[PDB]
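Dumped query-v2.pdb below, it's PDB, C-alpha atoms:
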ATOM      1  CA  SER A 142      15.372  -3.775  24.382
ATOM      2  CA  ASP A 143      17.828  -6.698  23.825
ATOM      3  CA  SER A 144      19.906  -4.851  21.220
ATOM      4  CA  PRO A 145      21.310  -1.635  22.572
ATOM      5  CA  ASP A 146      20.659   1.128  19.990
ATOM      6  CA  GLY A 147      22.597   1.157  16.753
ATOM      7  CA  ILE A 148      25.367   3.756  16.785
ATOM      8  CA  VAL A 149      27.411   4.849  13.818
ATOM      9  CA  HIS A 150      30.110   7.545  13.624
ATOM     10  CA  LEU A 151      29.745   9.358  10.376
ATOM     11  CA  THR A 152      31.160  11.912   8.158
ATOM     12  CA  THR A 153      28.956  14.643   6.789
ATOM     13  CA  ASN A 154      29.851  13.341   3.275
ATOM     14  CA  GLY A 155      28.590   9.944   4.400
ATOM     15  CA  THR A 156      31.677   7.903   5.395
ATOM     16  CA  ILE A 157      31.271   5.372   8.162
ATOM     17  CA  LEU A 158      34.058   6.054  10.692
ATOM     18  CA  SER A 159      32.568   3.568  13.086
ATOM     19  CA  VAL A 160      29.908   1.117  13.816
ATOM     20  CA  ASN A 161      28.432  -0.422  16.920
ATOM     21  CA  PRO A 162      28.059  -4.176  17.206
ATOM     22  CA  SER A 163      24.257  -3.589  17.095
ATOM     23  CA  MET A 164      24.417  -1.480  14.012
ATOM     24  CA  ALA A 165      26.767  -3.921  12.288
ATOM     25  CA  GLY A 166      24.493  -6.982  12.976
ATOM     26  CA  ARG A 167      21.390  -5.053  11.857
ATOM     27  CA  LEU A 168      23.305  -4.213   8.627
ATOM     28  CA  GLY A 169      24.238  -7.935   8.520
ATOM     29  CA  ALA A 170      27.963  -7.289   8.164
ATOM     30  CA  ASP A 171      30.861  -6.971  10.524
ATOM     31  CA  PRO A 172      32.469  -3.576  11.304
ATOM     32  CA  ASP A 173      35.550  -4.309   9.328
ATOM     33  CA  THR A 174      33.648  -4.491   6.042
ATOM     34  CA  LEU A 175      31.544  -1.546   7.206
ATOM     35  CA  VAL A 176      34.116   1.132   8.244
ATOM     36  CA  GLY A 177      35.474   2.281   4.910
ATOM     37  CA  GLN A 178      32.063   2.562   3.432
ATOM     38  CA  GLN A 179      29.631   5.137   2.268
ATOM     39  CA  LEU A 180      26.454   4.859   4.388
ATOM     40  CA  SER A 181      24.345   4.394   1.271
ATOM     41  CA  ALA A 182      26.659   1.618   0.080
ATOM     42  CA  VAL A 183      25.367  -0.289   3.009
ATOM     43  CA  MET A 184      21.583   0.142   3.484
ATOM     44  CA  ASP A 185      18.658   1.719   1.610
ATOM     45  CA  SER A 186      20.290   4.469  -0.385
ATOM     46  CA  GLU A 187      17.342   6.866  -0.312
ATOM     47  CA  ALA A 188      17.149   6.558   3.517
ATOM     48  CA  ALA A 189      20.915   6.847   3.970
ATOM     49  CA  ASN A 190      20.571  10.133   2.028
ATOM     50  CA  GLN A 191      17.943  11.636   4.326
ATOM     51  CA  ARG A 192      19.691  10.438   7.438
ATOM     52  CA  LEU A 193      22.771  12.202   6.150
ATOM     53  CA  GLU A 194      20.861  15.355   5.408
ATOM     54  CA  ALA A 195      19.726  15.279   9.058
ATOM     55  CA  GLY A 196      23.309  14.919  10.437
ATOM     56  CA  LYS A 197      24.455  17.668   8.083
ATOM     57  CA  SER A 198      21.918  19.976   9.577
ATOM     58  CA  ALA A 199      22.766  18.866  13.185
ATOM     59  CA  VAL A 200      26.430  19.632  12.510
ATOM     60  CA  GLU A 201      25.619  22.987  10.865
ATOM     61  CA  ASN A 202      23.472  24.279  13.692
ATOM     62  CA  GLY A 203      25.624  22.807  16.427
ATOM     63  CA  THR A 204      22.670  20.919  17.755
ATOM     64  CA  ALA A 205      21.257  17.416  18.442
ATOM     65  CA  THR A 206      18.457  16.463  16.021
ATOM     66  CA  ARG A 207      15.910  13.653  15.571
ATOM     67  CA  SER A 208      14.172  12.023  12.601
ATOM     68  CA  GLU A 209      12.093   8.902  12.136
ATOM     69  CA  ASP A 210      12.435   6.810   9.027
ATOM     70  CA  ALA A 211      10.847   3.538   7.875
ATOM     71  CA  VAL A 212      13.556   1.290   6.399
ATOM     72  CA  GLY A 213      13.269  -2.482   5.710
ATOM     73  CA  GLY A 214      10.037  -3.532   7.377
ATOM     74  CA  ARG A 215      11.066  -1.472  10.363
ATOM     75  CA  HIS A 216      10.790   1.926  12.026
ATOM     76  CA  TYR A 217      13.621   3.879  13.578
ATOM     77  CA  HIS A 218      13.910   6.941  15.600
ATOM     78  CA  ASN A 219      17.273   8.557  14.812
ATOM     79  CA  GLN A 220      19.315  11.042  16.777
ATOM     80  CA  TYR A 221      22.130  13.030  15.157
ATOM     81  CA  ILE A 222      24.752  14.292  17.551
ATOM     82  CA  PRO A 223      27.515  16.491  16.245
ATOM     83  CA  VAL A 224      30.893  15.534  17.698
ATOM     84  CA  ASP A 225      33.135  18.430  18.581
ATOM     85  CA  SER A 226      30.533  21.109  17.577
ATOM     86  CA  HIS A 227      32.998  23.984  16.845
ATOM     87  CA  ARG A 228      36.321  22.284  15.753
ATOM     88  CA  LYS A 229      35.161  18.800  14.292
ATOM     89  CA  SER A 230      32.031  20.035  12.336
ATOM     90  CA  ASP A 231      32.403  17.223   9.859
ATOM     91  CA  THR A 232      31.227  14.347  12.023
ATOM     92  CA  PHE A 233      28.397  13.126  14.151
ATOM     93  CA  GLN A 234      27.102  10.103  15.979
ATOM     94  CA  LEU A 235      23.866   8.718  14.582
ATOM     95  CA  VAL A 236      22.058   6.898  17.356
ATOM     96  CA  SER A 237      19.363   4.659  15.787
ATOM     97  CA  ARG A 238      16.546   3.139  17.888
ATOM     98  CA  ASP A 239      14.350   0.420  16.374
ATOM     99  CA  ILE A 240      10.781   1.409  17.228
ATOM    100  CA  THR A 241       8.911  -1.226  15.284
TER     101      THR A 241
END

Before anything else, please render the file you have as structure tokens.
Amino acid sequence: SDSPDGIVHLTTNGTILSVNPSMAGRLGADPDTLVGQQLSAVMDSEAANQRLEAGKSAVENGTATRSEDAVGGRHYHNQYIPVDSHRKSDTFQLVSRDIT
């Protein structure tokens, strides 16, 4: 589609390290307001929670992982990709595809 996927670099405790221009615009903020924040400070809290449970698991098992959630009026298919599997097992990329 017109928006590349939303990408956000996360901590396993939920801290946004990074955000895509797509993810930022979706969230209706700019990355500078976004990057300190807790993911659930920033979107549906309940959904942030599950998304984070998913990335926790991904990181634990050293493996890429997918989940679908319905947030807003919209559907997403999420991928959770541990960065630095062995050493950096604290962080992951969440790739988020709008599949509405």

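The gap separating CA of residue 216 (chain A) from CA of residue 158 (chain A) is 23.7 Å, in Å to one decimal.
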
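Distances from A:157, A:175, A:236, A:200 to residue 224 (chain A) were compared using only C-alpha atoms, and the smallest one belongs to A:200.
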
Go ahead and compute the interatomic distance for CA of residue 199 (chain A) and CA of residue 180 (chain A), in Å to one decimal. 16.9 Å

From the set A:237, A:179, A:190, A:153, which residue has the shortest atom-to-atom contact distance to residue 223 (chain A), counting only C-alpha atoms?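 Checking each candidate against residue 223 (chain A), we get A:153 as the closest.
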
Report as a VMD selection string the residues that result from applying the PyMOL selection byres ((chain A and resi 196) around 10) to the structure here. chain A and resid 151 to 155 191 to 195 197 to 202 204 to 208 219 to 223 231 to 235

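The shell of residues at most 12 Å from residue 214 (chain A), with all atoms listed in the file counted and near chain neighbours (fewer than 4 positions) removed, consists of residues 185, 210, 239, 240 and 241 of chain A.
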
Name the residues that the PyMOL selection byres ((chain A and resi 159-173) around 8) picks from the file above, as a count of residues only, using the file's chain letters and numbers. 16

So what do you get for CA of residue 156 (chain A) versus CA of residue 189 (chain A), distance-wise?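 Pair CA of residue 156 (chain A) / CA of residue 189 (chain A) returns 10.9 Å.
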
Box centre and edge lengths (Å, one decimal), axis-aligned, region 157-172 of chain A plus 8 Å each side, as JSON:
{"center_x": 27.7, "center_y": -0.9, "center_z": 12.7, "size_x": 28.7, "size_y": 30.0, "size_z": 25.0}

Using only C-alpha atoms, the best pick from A:142, A:230, A:238, A:186 as closest to residue 209 (chain A) would be A:238

Please fill the gaps in region 202-228 of chain A so it has N, CA, C and O atoms, and write that as a PDB file, keeping the file's coordinate frame.
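The result, stored in part.pdb:
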ATOM      1  N   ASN A 202      24.099  23.482  12.650  1.00  0.00           N
ATOM      2  CA  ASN A 202      23.472  24.279  13.692  1.00  0.00           C
ATOM      3  C   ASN A 202      23.982  23.973  15.086  1.00  0.00           C
ATOM      4  O   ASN A 202      23.501  24.527  16.061  1.00  0.00           O
ATOM      5  N   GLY A 203      24.948  23.075  15.175  1.00  0.00           N
ATOM      6  CA  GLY A 203      25.624  22.807  16.427  1.00  0.00           C
ATOM      7  C   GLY A 203      24.721  22.130  17.417  1.00  0.00           C
ATOM      8  O   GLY A 203      24.912  22.242  18.617  1.00  0.00           O
ATOM      9  N   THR A 204      23.741  21.404  16.904  1.00  0.00           N
ATOM     10  CA  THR A 204      22.670  20.919  17.755  1.00  0.00           C
ATOM     11  C   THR A 204      22.249  19.461  17.484  1.00  0.00           C
ATOM     12  O   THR A 204      22.283  18.991  16.344  1.00  0.00           O
ATOM     13  N   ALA A 205      21.916  18.736  18.550  1.00  0.00           N
ATOM     14  CA  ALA A 205      21.257  17.416  18.442  1.00  0.00           C
ATOM     15  C   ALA A 205      19.892  17.520  17.721  1.00  0.00           C
ATOM     16  O   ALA A 205      19.238  18.558  17.761  1.00  0.00           O
ATOM     17  N   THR A 206      19.455  16.436  17.095  1.00  0.00           N
ATOM     18  CA  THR A 206      18.457  16.463  16.021  1.00  0.00           C
ATOM     19  C   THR A 206      17.851  15.076  15.971  1.00  0.00           C
ATOM     20  O   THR A 206      18.539  14.097  16.238  1.00  0.00           O
ATOM     21  N   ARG A 207      16.571  14.972  15.653  1.00  0.00           N
ATOM     22  CA  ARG A 207      15.910  13.653  15.571  1.00  0.00           C
ATOM     23  C   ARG A 207      15.131  13.523  14.274  1.00  0.00           C
ATOM     24  O   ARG A 207      14.654  14.528  13.739  1.00  0.00           O
ATOM     25  N   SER A 208      14.998  12.296  13.773  1.00  0.00           N
ATOM     26  CA  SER A 208      14.172  12.023  12.601  1.00  0.00           C
ATOM     27  C   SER A 208      13.677  10.602  12.786  1.00  0.00           C
ATOM     28  O   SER A 208      14.315   9.790  13.472  1.00  0.00           O
ATOM     29  N   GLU A 209      12.536  10.287  12.199  1.00  0.00           N
ATOM     30  CA  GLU A 209      12.093   8.902  12.136  1.00  0.00           C
ATOM     31  C   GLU A 209      12.156   8.574  10.671  1.00  0.00           C
ATOM     32  O   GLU A 209      11.780   9.402   9.844  1.00  0.00           O
ATOM     33  N   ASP A 210      12.646   7.387  10.346  1.00  0.00           N
ATOM     34  CA  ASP A 210      12.435   6.810   9.027  1.00  0.00           C
ATOM     35  C   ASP A 210      11.854   5.390   9.104  1.00  0.00           C
ATOM     36  O   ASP A 210      11.913   4.737  10.142  1.00  0.00           O
ATOM     37  N   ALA A 211      11.233   4.944   8.016  1.00  0.00           N
ATOM     38  CA  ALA A 211      10.847   3.538   7.875  1.00  0.00           C
ATOM     39  C   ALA A 211      11.797   2.923   6.851  1.00  0.00           C
ATOM     40  O   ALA A 211      11.736   3.267   5.674  1.00  0.00           O
ATOM     41  N   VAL A 212      12.700   2.058   7.306  1.00  0.00           N
ATOM     42  CA  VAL A 212      13.556   1.290   6.399  1.00  0.00           C
ATOM     43  C   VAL A 212      13.384  -0.210   6.667  1.00  0.00           C
ATOM     44  O   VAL A 212      13.272  -0.622   7.831  1.00  0.00           O
ATOM     45  N   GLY A 213      13.416  -1.020   5.599  1.00  0.00           N
ATOM     46  CA  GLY A 213      13.269  -2.482   5.710  1.00  0.00           C
ATOM     47  C   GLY A 213      11.803  -2.650   5.997  1.00  0.00           C
ATOM     48  O   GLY A 213      10.963  -1.933   5.403  1.00  0.00           O
ATOM     49  N   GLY A 214      11.453  -3.538   6.922  1.00  0.00           N
ATOM     50  CA  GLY A 214      10.037  -3.532   7.377  1.00  0.00           C
ATOM     51  C   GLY A 214       9.838  -2.672   8.619  1.00  0.00           C
ATOM     52  O   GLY A 214       8.760  -2.662   9.205  1.00  0.00           O
ATOM     53  N   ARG A 215      10.891  -1.939   8.996  1.00  0.00           N
ATOM     54  CA  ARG A 215      11.066  -1.472  10.363  1.00  0.00           C
ATOM     55  C   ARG A 215      11.001   0.036  10.512  1.00  0.00           C
ATOM     56  O   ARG A 215      11.148   0.759   9.535  1.00  0.00           O
ATOM     57  N   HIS A 216      10.764   0.502  11.736  1.00  0.00           N
ATOM     58  CA  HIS A 216      10.790   1.926  12.026  1.00  0.00           C
ATOM     59  C   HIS A 216      11.940   2.235  12.933  1.00  0.00           C
ATOM     60  O   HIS A 216      12.313   1.416  13.756  1.00  0.00           O
ATOM     61  N   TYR A 217      12.500   3.426  12.772  1.00  0.00           N
ATOM     62  CA  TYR A 217      13.621   3.879  13.578  1.00  0.00           C
ATOM     63  C   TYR A 217      13.396   5.288  13.977  1.00  0.00           C
ATOM     64  O   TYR A 217      12.876   6.109  13.214  1.00  0.00           O
ATOM     65  N   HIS A 218      13.814   5.577  15.188  1.00  0.00           N
ATOM     66  CA  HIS A 218      13.910   6.941  15.600  1.00  0.00           C
ATOM     67  C   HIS A 218      15.390   7.203  15.729  1.00  0.00           C
ATOM     68  O   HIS A 218      16.057   6.584  16.569  1.00  0.00           O
ATOM     69  N   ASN A 219      15.868   8.129  14.888  1.00  0.00           N
ATOM     70  CA  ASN A 219      17.273   8.557  14.812  1.00  0.00           C
ATOM     71  C   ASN A 219      17.585   9.900  15.481  1.00  0.00           C
ATOM     72  O   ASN A 219      16.799  10.879  15.437  1.00  0.00           O
ATOM     73  N   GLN A 220      18.710   9.877  16.172  1.00  0.00           N
ATOM     74  CA  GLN A 220      19.315  11.042  16.777  1.00  0.00           C
ATOM     75  C   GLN A 220      20.667  11.334  16.094  1.00  0.00           C
ATOM     76  O   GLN A 220      21.444  10.406  15.776  1.00  0.00           O
ATOM     77  N   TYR A 221      20.924  12.615  15.848  1.00  0.00           N
ATOM     78  CA  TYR A 221      22.130  13.030  15.157  1.00  0.00           C
ATOM     79  C   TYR A 221      22.859  14.010  16.071  1.00  0.00           C
ATOM     80  O   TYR A 221      22.332  15.075  16.429  1.00  0.00           O
ATOM     81  N   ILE A 222      24.043  13.599  16.504  1.00  0.00           N
ATOM     82  CA  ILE A 222      24.752  14.292  17.551  1.00  0.00           C
ATOM     83  C   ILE A 222      26.109  14.657  17.038  1.00  0.00           C
ATOM     84  O   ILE A 222      27.026  13.803  16.973  1.00  0.00           O
ATOM     85  N   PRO A 223      26.243  15.933  16.660  1.00  0.00           N
ATOM     86  CA  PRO A 223      27.515  16.491  16.245  1.00  0.00           C
ATOM     87  C   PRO A 223      28.577  16.159  17.283  1.00  0.00           C
ATOM     88  O   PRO A 223      28.330  16.323  18.473  1.00  0.00           O
ATOM     89  N   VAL A 224      29.723  15.637  16.834  1.00  0.00           N
ATOM     90  CA  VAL A 224      30.893  15.534  17.698  1.00  0.00           C
ATOM     91  C   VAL A 224      31.708  16.765  17.488  1.00  0.00           C
ATOM     92  O   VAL A 224      31.774  17.296  16.371  1.00  0.00           O
ATOM     93  N   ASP A 225      32.298  17.231  18.579  1.00  0.00           N
ATOM     94  CA  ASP A 225      33.135  18.430  18.581  1.00  0.00           C
ATOM     95  C   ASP A 225      32.553  19.641  17.804  1.00  0.00           C
ATOM     96  O   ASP A 225      33.232  20.242  16.952  1.00  0.00           O
ATOM     97  N   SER A 226      31.304  19.978  18.135  1.00  0.00           N
ATOM     98  CA  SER A 226      30.533  21.109  17.577  1.00  0.00           C
ATOM     99  C   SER A 226      31.289  22.226  16.809  1.00  0.00           C
ATOM    100  O   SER A 226      31.028  22.451  15.623  1.00  0.00           O
ATOM    101  N   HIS A 227      32.196  22.927  17.484  1.00  0.00           N
ATOM    102  CA  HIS A 227      32.998  23.984  16.845  1.00  0.00           C
ATOM    103  C   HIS A 227      34.134  23.484  15.884  1.00  0.00           C
ATOM    104  O   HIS A 227      34.061  23.673  14.659  1.00  0.00           O
ATOM    105  N   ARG A 228      35.154  22.843  16.461  1.00  0.00           N
ATOM    106  CA  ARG A 228      36.321  22.284  15.753  1.00  0.00           C
ATOM    107  C   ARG A 228      36.065  21.174  14.677  1.00  0.00           C
ATOM    108  O   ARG A 228      36.539  21.308  13.536  1.00  0.00           O
TER     109      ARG A 228
END
